[PDB]
Amino acid sequence: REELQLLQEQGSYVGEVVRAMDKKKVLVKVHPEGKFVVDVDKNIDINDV
Amino acid sequence: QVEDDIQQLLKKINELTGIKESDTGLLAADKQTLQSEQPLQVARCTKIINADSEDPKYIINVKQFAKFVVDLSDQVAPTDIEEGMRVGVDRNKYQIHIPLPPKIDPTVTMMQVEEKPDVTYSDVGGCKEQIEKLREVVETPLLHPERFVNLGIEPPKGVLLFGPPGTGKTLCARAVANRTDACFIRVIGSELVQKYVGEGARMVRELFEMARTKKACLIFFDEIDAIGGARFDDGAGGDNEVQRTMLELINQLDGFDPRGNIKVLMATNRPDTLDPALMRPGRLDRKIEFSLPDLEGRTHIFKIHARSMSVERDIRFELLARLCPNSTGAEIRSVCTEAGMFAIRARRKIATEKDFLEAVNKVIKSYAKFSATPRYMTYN
Amino acid sequence: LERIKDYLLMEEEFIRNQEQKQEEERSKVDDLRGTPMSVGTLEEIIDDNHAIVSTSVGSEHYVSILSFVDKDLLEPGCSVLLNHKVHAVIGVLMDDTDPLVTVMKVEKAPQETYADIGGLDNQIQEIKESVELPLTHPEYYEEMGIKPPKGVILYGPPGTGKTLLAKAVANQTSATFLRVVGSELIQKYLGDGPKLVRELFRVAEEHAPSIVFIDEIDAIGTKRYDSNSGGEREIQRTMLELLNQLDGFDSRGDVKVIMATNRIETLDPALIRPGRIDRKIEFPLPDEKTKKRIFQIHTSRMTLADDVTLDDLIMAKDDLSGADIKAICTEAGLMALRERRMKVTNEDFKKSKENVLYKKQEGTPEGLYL
Amino acid sequence: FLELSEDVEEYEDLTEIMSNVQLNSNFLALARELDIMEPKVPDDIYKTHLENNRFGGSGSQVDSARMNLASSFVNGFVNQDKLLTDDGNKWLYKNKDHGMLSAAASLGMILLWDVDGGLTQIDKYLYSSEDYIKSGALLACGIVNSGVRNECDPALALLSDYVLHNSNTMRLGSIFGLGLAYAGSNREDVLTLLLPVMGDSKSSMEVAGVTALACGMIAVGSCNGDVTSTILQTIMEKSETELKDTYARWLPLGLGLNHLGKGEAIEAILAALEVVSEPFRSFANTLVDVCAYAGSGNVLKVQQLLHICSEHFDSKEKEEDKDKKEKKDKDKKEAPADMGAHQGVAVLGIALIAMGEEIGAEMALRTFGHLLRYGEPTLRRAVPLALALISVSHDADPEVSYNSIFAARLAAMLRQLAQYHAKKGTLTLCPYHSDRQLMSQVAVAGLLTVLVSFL
Ligand SMILES: Nc1ncnc2c1ncn2[C@@H]1O[C@H](COP(=O)(O)OP(=O)(O)OP(O)(O)=S)[C@@H](O)[C@H]1O
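In order, the protein sequences belong to chains C, A, B and f.
So the mapping is simple: the entry's author numbering equals the position in the first sequence, first residue as 1, plus 59.
Just so we're aligned: the second sequence equals residues 47 to 72, 80 to 433 in the entry's author numbering.
Just so we're aligned: the third sequence equals residues 65 to 84, 91 to 440 in the entry's author numbering.
Just so we're aligned: the fourth sequence equals residues 304 to 382, 387 to 699, 714 to 728, 739 to 754, 773 to 804 in the entry's author numbering.
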């Protein structure tokens with residue numbers, strides 16, 4: 060029951076990854092918006108993106 | 047199993063090749086001026102609605118948000134912060150600092166030719182009087198503004214061109230663009246066909262903004278069926294906004310102060326899909342078509358398309374023009390290139406009569422022409 | 065044993081597909103950028119280190135430039151990298167286009183060369199001379215001042231191997247290649263004809279000498295006259311866009327186009343003119359001489375008891391496609407596989423010849439010339 | 304194709320046992336020399352008709368005593388007659404020392420036939436006022452033929468200088484050109500001449516250069532090689548003087564040439580025991596490792612290639628990775644590798660070698676798409692050589722593309748070399782590995798015209 064602060068947080072956004080680029084980043088197009096070159100988390104590979 | 051051997055040890059050494067890189071895997082103009090520019094500001098360009106009296110008290114819109122009541126900053130030229138001028142407005146002080154150019158739209162600058170492609174007047178043979186009329190349209194009022202004055206007549210500021218596909222419309226276009234001297238503007242018709250509501254209308258606005266900047270400029274339409282001449286509308290209610298754009302084009306085009314020193318050439322393969330809100334003269338003043346040249350023009354197009362290719366110095370073009378019953382310069386040039394391919398089928402230095410004979414075969418008699426073999430005498 | 069080799073080759077190719091800076095200067099680049107980068111639109115560049123941009127929402131700002139590479143590479147019309155703090159102009163965006171560019175770009179030559187179809191080598195010789203010769207052996211075109219052809223239309227009865235010719239030329243090439251099923255333009259989107267078109271051919275010009283391959287648009291040749299009383303949709307406007315892209319202005323470059331249709335008279339004759347599209351190639355129901363070659367290819371690596379003669383089946387009936395021959399060569403094999411048998415006898419071919427040929431049914435003469 | 308197919312040993316063993324028997328003497332006519340070459344050159348003049356506007360146009364490509372000097376070489380390797392041979396005077400007088408070697412040998416290059424005409428054309432340039440004219444002239448005498456052996460003695464007699472006089476440059480052209488001349492069972496008399504050559508040891512590199520390379524051309528195809536006192540002597544006299552590392556590169560050339568002829572040789576282990584040290588002689592170790600391993604299904608040295616390819620010394624990388632076009636030359640579909648995807652720029656040089664000269668498919672020219680575009684002048688220099696070796714508009718399209726690349740002086744020279752190119774037999778295996786130290790003086794390029802691998 061103490062764990063439930065994680066439920067109390069703003070989750071995330073969806074994003075259209077068109078194609079990745081070099082040097083450990085990707086591109087993301089947000090759902091109504093433009094494209095955004097963004098950074099990744101430690102848990103994900105561009106081979107899997 | 048020898049192939050098994052072959053492919054297996056090939057891919058095995060390829061696996062080794064992968065393992066190779068797998069094991070072999072192990080500021081002055083850019084950095085010290087950054088933080089100096091970080092206290093700048095993201096201040097927005099705008100567009101001004103009106104000017105109050107005795108004070109700026111300016112009301113303004115940017116694009117979408119609202120209509121913005123602003124000040125000016127103190128270091129302005131308070132004279133020319135009038136309407137129709139995009140200016141820069143702050144995110145804290147809410148005041149005008151620096152003016153800006155208007156919405157220039159430099160994709161409308163992108164349809165200007167910006168070059169001079171070479172197709173000479175000596176290449177467009179066969180139509181020495183149609184191109185004479187278009188020469189009267191283009192060259193003469195831009196060079197000798199006397200006989201219009203000295204006789205009291207008007208220039209044909211619009212000339213439609215129509216006819217079969219293959220004919221020479223493109224050639225006449227780039228031919229007058231070869232000897233132009235003026236500001237020549239190609240117009241893709243689907244540069245008006247943008248997505249959102251009321252924008253190709255503004256594309257016509259951008260056109261007339263470029264037009265009335267300068268003198269003797271040349272707008273060239275082509276493929277105006279893309280723009281359209283069909284008011285195709287009954288109880289289905291589908292595609293109609295392009296017709297709104299095109300009626301906007303008619304409005305700013307002709308009637309109630311038209312263009313001026315602007316000569317517009319248009320082209321269409323489909324004249325029967327036009328609108329009689331442009332068929333009216335005053336708008337389009339010469340409905341010049343082209344037709345198939347009889348023999349002299351077809352021999353002439355032979356001369357133009359064979360002066361710069363290796364042929365025999367004995368061949369004629371009378372008989373070859375004969376075996377083109379109905380043909381164009383595109384088909385003639387296909388005959389030239391096809392006989393060249395036949396010269397590559399042999400190993401020649403030039404082309405001969407029978408080369409062009411079988412090329413005429415390939416083009417016309419081996420056209421599709423349906424269905425198909427005409428083997429009968431009845432004639433000869 | 066070879067299956068281990070092929071699996072290891074495919075998985076090592078995937079491993080290679082997985083095998084795809092500055093200690094402090096690159097970190098200064100990481101502070102030359104704000105990490106949530108963005109996509110904008112330059113309207114003007116007043117070159118005094120601050121530019122005016124345009125956004126996908128439409129807010130346009132005097133934003134300062136932070137050059138690491140040459141900042142004069144990007145232009146009005148080329149996008150930028152703006153921050154979320156002051157939307158600072160970061161730098162190098164190599165010019166990216168739509169997602170729908172890699173979609174139409176086949177990255178393989180998954181099938182084989184002219185040794186795959188059986189026998190048409192007069193017009194296979196034509197497409198040979200019009201693609202394989204101008205690319206690989208471009209001597210005589212310069213050496214006799216004659217320009218190579220551009221457009222090739224495939225037509226005729228279907229299932230002749232139009233797809234087979236397509237993929238065969240998709241083998242034997244070093245030029246870059248693109249695969250477009252060109253009828254994809256069924257949206258409810260006004261405009262949007264020229265977007266795919268202009269970006270496709272810009273990409274085609276930017277990469278290399280290439281083939282731009284449109285496939286099966288025989289429906290879209292919409293009669294070039296009207297739509298009847300009220301029609302106009304977009305389709306005429308889109309094909310006219312492609313027409314102007316092909317043989318308008320703005321010189322064609324080293325770009326090739328091969329096209330394929332089933333029915334041909336329903337096309338648009340504003341395209342079929344030479345210069346715009348140069349070659350036209352018949353693919354008819356061939357003969358009874360290369361049917362032997364099509365059976366030969368389709369009996370290359372199958373277990374056939376050589377007592378039987380496929381020429382008996384060729385002597386039986388004379389008008390059917392090579393795809394029909396493939397269907398027979400697989401179907402008689404299934405009829406052999408009814409009861410765990412080694413090879414194929416005659417009667418499996420007979421029942422399979424009858425089975426596949428349930429196509430033409432009409433009716434009632436003729437039959438009665440007679 | 305008997306004489307084309309045969310190596311250095313069996314035409315001398317063939318001409319000695321057939322010097323005994325011969326049975327009609329027409330195999331002594333054919334199967335030594337002069338009858339592979341008597342039908343060709345007149346029939347070369349007859350069925351082919353080559354025009355003059357590449358002499359004048361490709362021979363017009365401006366001036367600068369380099370590009371012009373190279374052009375003389377380009378004009379010279381034209382072979387419709389030995390016209391560029393007899394084109395007047397004042398062209399070689401503009402020329403300078405090692406290019407005067409190249410032009411004095413260029414009359415050798417126009418005419419690798421005309422035995423009687425070779426003496427009466429080179430004889431004006433024989434014993435002339437200039438050292439480079441006479442030494443490159445005897446070099447040309449070594450170029451034109453391989454069965455005369457009467458050009459030896461006017462050069463052979465002079466050779467001794469004892470440190471660095473004239474006849475050591477005649478030693479370079481004449482030891483090299485006599486290496487072009489004969490391949491006996493083991494010629495020993497010319498190697499007894501070679502003992503005061505390596506014992507001479509001029510500071511000029513190509514003395515010991517054409518010593519190792521020439522005795523290797525004598526010694527390629529040895530009976531599983533040999534570790535004899537010839538190359539053993541040049542190992543010990545090699546490790547005598549550690550100076551001018553081009554010696555430490557081109558002596559293991561001729562070492563590995565004597566190692567050629569192997570089937571099972573343990574000479575890599577023998578020279579491994581004698582030789583290895585600091586990476587000059589470990590580079591000798593990788594040279595013997597290259598040359599002793601011509602190529603089979605022996606992938607263990609290819610994963611050895613994978614590991615020791617990552618060695619921090621980046622010239623044993625150069626030759627050790629350069630062995631690939633020797634090894635997998637038949638199964639050439641695996642020969643496309645990711646050497647361009649690596650970054651040790653000499654490695655891109657290695658693949659750039661590894662394409663080479665055969666018929667050169669679209670994938671090879673596709674690799675010349677990227678390899679054509681590079682900025683370092685030794686690598687941009689390195690691309691047109693194998694680029695126009697692999698093709699001996715279409716052909717001239719990458720050439721005018723190189724005109725689009727530059728328009739340095741090296742690059743201009745490289746372009747000239749490419750133009751020259753435009754227009773397991775060991776004889777084509779040696780001289781380009783002799784070319785592999787190109788990033789150097791034109792004195793080295795005075796021997797650049799000794800890669801005689803084409804009819
Ligand atoms: N007299 C001529 N001389 C040389 N080429 C000619 C001549 N007449 C026509 N042509 C050919 O026709 C082309 C110009 O006409 P077109 O290209 O058909 O114009 P167009 O835009 O294609 O017309 P449509 O109806 O829109 S397809 C030239 O590029 C040539 O291929």
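All C-beta atoms in this analysis are idealised placements derived from N, C-alpha and C, irrespective of residue type, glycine included.
From the DSSP output, read off the bridge partner residues of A330/B. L224/B
Of the listed residues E94/B, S126/B and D100/B, nearest to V89/C (C-alpha basis): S126/B
Contact set for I315/A: own chain, Cβ-Cβ below 7 Å, skip 5 residues either direction: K210, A264, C270 and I272
Taking the alpha carbon of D404/f as the reference point, which residue from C448/f, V381/f, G480/f and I440/f has its own alpha carbon closest? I440/f
Any heavy atom of ligand 1 closer than 6 Å to the beta-carbon of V191/A? no
Of all the options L539/f, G491/f and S725/f, which has the alpha carbon lying nearest to the alpha carbon of residue 729/f? The model of chain f omits the segment between 728 and 739, and residue 729/f is among the residues lacking coordinates.
If I measure Cβ to Cβ from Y723/f and keep anything under 7 Å in the same chain, skipping five residues before and after, which residues do I get? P691, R746 and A749
Please confirm if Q610/f has its CB atom under 7 Å from at least one CB of chain A. yes
Contact list for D69/A against chain f, beta-carbon separation under 8 Å: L613, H614 and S617
Is the beta carbon of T321/A closer than 7 Å to that of residue 73/A? Regarding the residue in question, residue 73/A is not represented: chain A runs 72 and then 80, omitting everything in between.
Hey, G219/A and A383/A are a contact pair by Cβ (cut 8 Å); roughly how many whole angstroms apart? 4 Å
Considering just the uninterrupted stretch of the alpha helix (DSSP H) at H566/f, what are its terminal residues? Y554 to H566
Alpha carbon to alpha carbon, what distance is there between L376/A and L260/A? 47 Å
For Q305/A and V257/A, which I take to be in contact (beta-carbon distance under 8 Å), what is that distance rounded to the nearest angstrom? 6 Å
Compile a chain-ordered list of the residues in the segment 639-658 of chain f whose CB is closer than 9 Å to at least one CB of chain A. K640, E641, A644, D645, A648 and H649
Using only CA atoms, which one of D468/f, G454/f, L471/f and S481/f lies nearest to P461/f? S481/f
List the residues of chain C whose Cβ lies closer than 8 Å to the Cβ of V176/B, in chain order. None at all; the shortest Cβ gap to chain C is about 17 Å.
Anything in the segment 192-214 of chain B with a Cβ closer than 7 Å to a Cβ of chain f? List those residues in chain order, please. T206, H207, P208, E209 and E212
Verify the CB distance criterion: does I59/A have a CB-CB separation below 7 Å to chain f? yes
Can you give the Cα-Cα distance for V267/B and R294/B, rounded to whole angstroms? 20 Å
Shorter than 7 Å from the beta carbon of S299/B to some beta carbon of chain f? no
Go ahead and label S328/f buried or exposed: buried means 16 or more other beta carbons lie within 10 angstroms of its beta carbon, across all protein chains shown. exposed
Excluding five sequence neighbours on each side, which residues of the same chain lie with their C-beta closer than 6 Å to the C-beta of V251/B? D285
Pair every Cβ in the segment 434-454 of chain f with every Cβ in the segment 331-341 of chain f, then say whether three or more of these pairs are closer than 8 Å. yes
Pull up the distance between the alpha-carbon of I347/B and that of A340/B, whole angstroms please. 10 Å
Per the DSSP calculation, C98/A is bridged to which residue(s)? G141/A
How would you write the range of the alpha helix (DSSP H) that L580/f sits in, first residue to last? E574 to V582
Listing by chain order, which chain A residues have their CB less than 7 Å from the CB of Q257/B? Neighbours of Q257/B on chain A: none; closest Cβ ~11 Å, over 7 Å.
So is the beta-carbon of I280/A under 6 Å away from any non-hydrogen atom of ligand 1? no
Would a check of beta-carbon distances place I65/A closer than 7 Å to chain f? yes
Please tell me whether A340/B has its Cβ less than 7 Å away from any Cβ of chain A. yes
Report back the beta-carbon spacing between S511/f and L471/f to the nearest angstrom; my notes put them in contact at under 8 Å. 7 Å
Per DSSP, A404/A forms a beta bridge with which residues? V364/A
Using a Cβ-Cβ distance cut-off of 7 Å, determine whether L245/A contacts chain B. no
Can you find a heavy atom of ligand 1 that lies under 6 Å from the Cβ of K754/f? no
Roughly how many angstroms lie between the CA atoms of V99/C and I79/B, to the nearest whole one? 22 Å
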